[PDB]
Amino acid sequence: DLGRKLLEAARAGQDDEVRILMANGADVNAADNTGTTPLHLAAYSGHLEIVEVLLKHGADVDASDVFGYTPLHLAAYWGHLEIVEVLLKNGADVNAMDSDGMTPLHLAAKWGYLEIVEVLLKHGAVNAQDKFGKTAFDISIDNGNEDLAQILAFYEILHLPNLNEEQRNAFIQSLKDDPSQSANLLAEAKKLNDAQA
């Protein structure tokens, strides 16, 4: 049973066993009844090289399990920066949502992965609300993570349509003087954004 062997080797990080299983015609996109594929297990376990091989042989980069998790979800949840970069480089939907409406940005913000949040925003990650109506910034505020709230408020302020350059740079400079106030400045910015619309 080559599919099961490929799933086991993908989860255990056995690179040469994955190569040999591929050489015998194992299905790159073999999924168990939960919808979990070898790319899922390699992105979850943190095996970058197996991610690169699987993607090289045609692994579905946007395969979702019965919970709605894509491999990008798993890489963001478990803090695998380089696997996030590799999956995005191979066309992963940066805005994929799970059963709870959560994007990889939500899961990366949940654990305070600053670099993964940066990489996701570089690839055009969108600000979305989960089932609880919460954004990645809200998650940043529920936790005591000042840096993450500062970055996410930087991006929210950066993308407001009705602020002019002097106001936007004033809010950004106000995000570098005291980051503890990142939650208040964004609200001030949003009020101004809606007064000039």
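For every residue, the number given is its place in the sequence shown, counted from 1.
Could you settle it for me: does 22-30 or 42-50 have the higher average Cα B factor in the PDB entry? Between 22-30 and 42-50, it is 22-30.
Would you tell me which stretch averages the higher CA B-factor in the PDB entry, 121-129 or 75-83? It is 121-129 that shows the higher mean C-alpha B-factor.
Name the one of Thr37, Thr70, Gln167, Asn145 with the greatest CA B-factor according to the PDB entry. It is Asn145.
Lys134 - which third its CA temperature factor falls in, relative to the rest of the chain: Highest third.
Based on the entry's values, in what third of the chain does the Cα temperature factor of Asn90 lie: lowest, middle or highest? As the PDB entry reports it, the C-alpha B-factor of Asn90 lands in the lowest third of its chain.
Where the record places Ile151 (Cα B-factor, split into thirds across the chain): Tercile = highest for this residue's CA B-factor.
Within this chain's modelled residues, let me know which third the CA B factor of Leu6 belongs to: lowest, middle or highest. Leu6: CA B-factor falls in the lowest third of its chain.
Within-chain third of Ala59 by Cα B-factor, per the entry: It belongs to the lowest third of the chain when residues are ordered by C-alpha B-factor.
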